[PDB]
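>>> Got an experimental structure here, sequence first:
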Amino acid sequence: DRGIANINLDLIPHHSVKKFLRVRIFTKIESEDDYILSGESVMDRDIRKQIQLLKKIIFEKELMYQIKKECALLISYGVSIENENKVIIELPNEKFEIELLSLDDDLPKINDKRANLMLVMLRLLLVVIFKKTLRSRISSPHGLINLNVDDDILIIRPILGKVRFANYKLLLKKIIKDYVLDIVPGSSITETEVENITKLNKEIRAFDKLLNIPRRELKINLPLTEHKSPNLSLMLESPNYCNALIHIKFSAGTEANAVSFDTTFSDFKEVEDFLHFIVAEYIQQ
Amino acid sequence: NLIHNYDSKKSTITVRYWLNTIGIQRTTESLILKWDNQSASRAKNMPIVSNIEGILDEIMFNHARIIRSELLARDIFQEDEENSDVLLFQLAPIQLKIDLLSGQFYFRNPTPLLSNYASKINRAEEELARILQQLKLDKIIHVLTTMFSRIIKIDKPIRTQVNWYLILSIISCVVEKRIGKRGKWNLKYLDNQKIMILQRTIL
Amino acid sequence: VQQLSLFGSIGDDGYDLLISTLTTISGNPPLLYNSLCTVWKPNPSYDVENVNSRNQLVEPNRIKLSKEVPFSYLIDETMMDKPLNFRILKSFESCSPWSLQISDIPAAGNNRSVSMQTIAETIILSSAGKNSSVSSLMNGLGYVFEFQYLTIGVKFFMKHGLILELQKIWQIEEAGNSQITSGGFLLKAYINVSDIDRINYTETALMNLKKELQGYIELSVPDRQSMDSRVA
Amino acid sequence: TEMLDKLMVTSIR
Amino acid sequence: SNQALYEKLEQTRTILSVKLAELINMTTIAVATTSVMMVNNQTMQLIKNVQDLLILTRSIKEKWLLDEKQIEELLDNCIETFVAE
Amino acid sequence: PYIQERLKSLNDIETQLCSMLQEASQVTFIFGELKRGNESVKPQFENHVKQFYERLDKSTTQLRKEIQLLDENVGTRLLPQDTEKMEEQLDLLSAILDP
């Protein structure tokens, strides 16, 4: 909003509450039931000082408003909204909580740095959204900005896609290790990463670094024999940060028995079945 | 999901919801809110003595449990395991739930299966046995298609086509037919990693 | 396309003051741009009856093709090592995708507030064949090169589709480049409209711009004869 | 006290 | 808008000084009581003139009032440390 | 700053008005002393009135010159962001990764 400056000097907004949000990281132990607090972001406390403080209040409250407009579309992906100033994120191994409280309510913790980095990534992603509004105002629209929640949603979901993509890559490497590494001797897996307006362009690209989609192609190095040379190359991608898409690219080099099978499965059991069909015929005798 | 109404010259106020039902009326001398249920109906008293937020918040839960109770007697499949209390959905156990603000089905980690699964709920709010059997049809056809070839032009989705001429049925068993340019020939045959060997024997 | 424009003119001294004023009003810095426009007139060697097949009079009009070109072909040797912004203006096989346009005479009406003009436009993507040059294409359609002018200036992006073009215009010839806007900058304020309510609303936007800029720079309405590209 | 006054106006009506 | 401050301010100065001289020339010469209240009213008009000068000077004061590598590496270590891959 | 030094000069003009009030109480009070029947407070009287009109004249010269500055400052040094937040998050992030 806009406050009125009067007389030392003081700034009276619309004394006042200190709305500073925080993120805490929970962890599920061997009980496989509830979660425990494993991390929490630290909270730090004449005229320009109140300017920066109130700008942080309106900024973080605006980001919280974007999160409230985000859980309504992330409701089907586990991210449930409960309290008007408290949302929860459910994971099969962990759990997140985003609260907007003051300093009146509520160390051996370990995930204290991951929460800080997560919040800094929240504010940075919001700045990226602002740059997408300015860039989405200077060139094309020739008037006002046109945004879509689902399209401008990206804050919490792309962050969840990193952990979920890490778990999907772990289970995928487990399936590959059990169906290839535990079958053939010499084998290894190697991952490989897939005018005067230049100021804004530079900014955008650095967050090109933050804004990428987690997609990794796992090349399978099969032991090439003197009579057979099979080729197996998987590619794990995601259609929208979350979800898992396993694209199996198989190129058989066996003499008098060469065929290319490039399939796409989203179920790990189907990956075990297809890889079983590959290793039980083309790879082995 | 919320529509308000305020009536004058009769002294009554109405609140309507479940727009994707529950009547507030004053016809004696007190405001009452009678909430309907599937083959049932109960009453909630209204004035400060009763929070509108708590009553309207719990009614959707109590009737929501009955909505979850209809699915057990509507049309549940054998392989499709469902549990109302925290809708356990086993095709892989997937967390199913019903949206409170709308009434559609939500699954944990969606897929194409859950886009077509959710399209039936998006239309009508149980012919989903049919859609389920169609999906279970689709998967096997994807495997047999990637292994073999599949061509759709003259046959119906009730039985796949392989290409003389070949065909394979799912409801009845390998069948050998020939087509004109109208079926001309028809013979039946009974058959049994094993699927790979079977496909290698088919040729 | 119905373009509603209001023009103006400033000097070489108030350029920074107008850039600062429009920067404080629009809230955005200016964007440097340029464009080359070539005008093709009917071939004088060819003679055709100015009449359609339906026995209707036809008025000959010129065809203007415009495109873009980076500043690497515009900056010479004495212009190197300078900021690429609005302060530069004070120091003054196939074919490219051309922009074919034909402008008509503005509408009549005394005491008019805006200058509405009908302009037809088609996009020339590319070409091929023997005579693949755009000049040979215009000669095939029945037009020859008359003149051309290259304009370099700055533009703003406000609201409701308003454009403020503060540009200079030069005539590209072989004997030399003569500056038409020698002594100042040409100002423009046009909106491109594809309804009566939207036209009157655009006129309301232009009148609000002239009222907001009243006192500083005056935005009058140009003469119709000054925007008529018909051949006589 | 004005909204209650209008409340009584629409009440007696 | 400054010419109104020229004419107005200068008029307040001329009324202040000239009215002060008229004051002192009327303090030195029911007529006596009318002199009492004429002198007192001249004094109060001088006070209102000084206050007017203060208001006008206050209006004058109100007129005076009215890179990419560090981000790629920083976010790289931030994501790698965040997910603990 | 410009408006800071000029604002201090305006405050100096206001203190010159206060001095004008001192010389006003002095011309009226010492004038009343002259009208009681005393003539020995005459030189300090004339000096206080001369300082009255002198301080007033200096207020006119400095004030009118100030208004001339207002007229000659229009357009020049007088009117007729997420970047700092991004850099703040970058410096804070670097402070997290490097304590």
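Structure's in. What do you need? Residues are numbered from 1 along each chain as shown, chains lettered A, B, ... in the order given.
>>> all helices of chain F, in order?
Under the criterion DSSP state H, helices of chain F are mapped to F:2-36, F:42-71, F:83-97.
>>> To residue C:129, which of the ones you listed lies closest?
Residue C:129 sits nearest to helix F:83-97 of all those, at 51.9 Å, using C-beta to C-beta. Every residue, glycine included, has its C-beta placed from N, CA and C.
>>> That closest one: how far from the chain's middle?
From the chain centre to the centre of helix F:83-97 is a distance of 43 Å (C-alpha atoms, centre = their mean, to the nearest Å).
>>> In CSV, list the C-alpha atoms belonging to it.
Presented in CSV, the C-alpha positions along helix F:83-97 are these (Å, rounded to 0.1, in the frame of the first residue of the first chain):
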residue,chain,number,x,y,z
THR,F,83,16.8,-4.9,-8.8
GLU,F,84,17.8,-4.0,-5.2
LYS,F,85,15.7,-6.9,-3.9
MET,F,86,17.3,-9.3,-6.4
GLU,F,87,20.8,-8.2,-5.4
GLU,F,88,19.7,-8.4,-1.7
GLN,F,89,18.7,-12.0,-2.3
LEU,F,90,22.0,-12.7,-4.1
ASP,F,91,24.1,-11.2,-1.3
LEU,F,92,22.0,-13.0,1.3
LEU,F,93,22.4,-16.3,-0.5
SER,F,94,26.1,-15.8,-0.8
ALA,F,95,26.0,-15.1,3.0
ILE,F,96,24.3,-18.4,3.5
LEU,F,97,26.6,-20.5,1.3
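>>> Check whether that helix comes near chain E.
Yes. For helix F:83-97 and chain E, the contact criterion (C-beta under 8 Å from any C-beta of the partner chain) is met by F:90, F:93, F:94, F:97.
>>> circling back to that earlier point, the helices of chain F: which one's closest to residue B:200?
Using C-beta to C-beta, the helices of chain F put helix F:83-97 closest to residue B:200, at 57.5 Å.
>>> That closest one - contacts with which helices or strands?
helix A:112-138, helix E:68-83 (3 or more C-beta pairs under 8 Å, 6 or more residues apart in numbering or on different chains; DSSP states H and E).
>>> ranges for the helices of chain D?
For chain D, applying DSSP H gives helices covering D:2-12.
>>> all helices of chain B, in order?
Under the criterion DSSP H, helices of chain B are mapped to B:52-74, B:112-123, B:128-147, B:194-202.
>>> how much space is there between whatever residue of chain D ends up closest to chain B and residue A:172?
Nearest residue of chain D to chain B (C-beta to the nearest C-beta) works out as residue D:10 at 6.2 Å. For residue D:10, the distance to residue A:172 equals 67 Å [C-beta to C-beta, to the nearest Å].
>>> One more: residue C:150?
Going from residue C:150 to residue A:172 by C-beta to C-beta gives 59 Å.
>>> who has more neighbours, these two?
residue A:172 (20 against 17; other C-beta atoms under 10 Å in any protein chain shown).
>>> ok so, going back, doesn't residue B:8 make contact with the residue of chain D closest to chain B?
Yes. Between residue D:10 and residue B:8 there is a contact under C-beta atoms under 8 Å: 6.2 Å.
>>> returning to what we had before: quick one: which of the helices of chain F is nearest residue B:64?
Closest to residue B:64 of the helices of chain F, according to C-beta to C-beta: helix F:83-97, at 42.7 Å.
>>> Would you mind pulling the contact partners of stretch B:175-195?
Applying C-beta atoms under 8 Å, 6 or more residues apart in numbering or on different chains, the external contacts of stretch B:175-195 come out as A:276-277, A:280, B:143-144, B:147, B:154, B:164-169, B:173-174, B:198.
>>> Buried members of those residues into PyMOL, please.
Buried subset of the contacts of stretch B:175-195, written as a PyMOL selection, criterion 16 or more other C-beta atoms under 10 Å in any protein chain shown:
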select buried, (chain A and resi 277) or (chain B and resi 143+144+147+166+167+168)
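>>> and residue 9, how many neighbours does it have?
Using chain A. 9.
>>> not quite, I wanted chain D
Around residue D:9 there are 9 residues (other C-beta under 10 Å).
>>> sorry, back to before: for burial, what's the neighbour tally of the residue of chain D closest to chain B?
Neighbours of residue D:10 (other C-beta under 10 Å): 11.
>>> what's near enough to touch it?
Residues near residue D:10 by C-beta under 8 Å, 6+ apart: residue B:8.
>>> Find the closest residue to chain F in chain D.
Proximity to chain F, evaluated over chain D using C-beta to the nearest C-beta, is greatest for residue D:3 at 42.3 Å.
>>> do you know which of the helices and strands packed on helix F:83-97 lies nearest chain B?
Short answer: helix E:68-83, nearest of the helices and strands packed on helix F:83-97 by C-beta to the nearest C-beta, at 18.4 Å.
>>> Mind giving me the packing neighbours of the closest one?
Secondary-structure packing of helix E:68-83 (3+ C-beta pairs under 8 Å, 6+ apart): helix A:112-138, helix A:156-176, helix A:198-211, helix F:83-97.
>>> Now tabulate those helices in CSV and tack on distance to residue A:59.
Formatted as CSV, those follow (distance: least, C-beta to C-beta, whole Å):
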stretch, distance to residue A:59
helix A:112-138, 7
helix A:156-176, 17
helix A:198-211, 17
helix F:83-97, 7
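>>> who wins for proximity to residue B:69 among the ones you listed?
Distance to residue B:69, taken as C-beta to C-beta, is lowest for helix A:156-176 among the helices and strands packed on helix E:68-83, at 33.0 Å.
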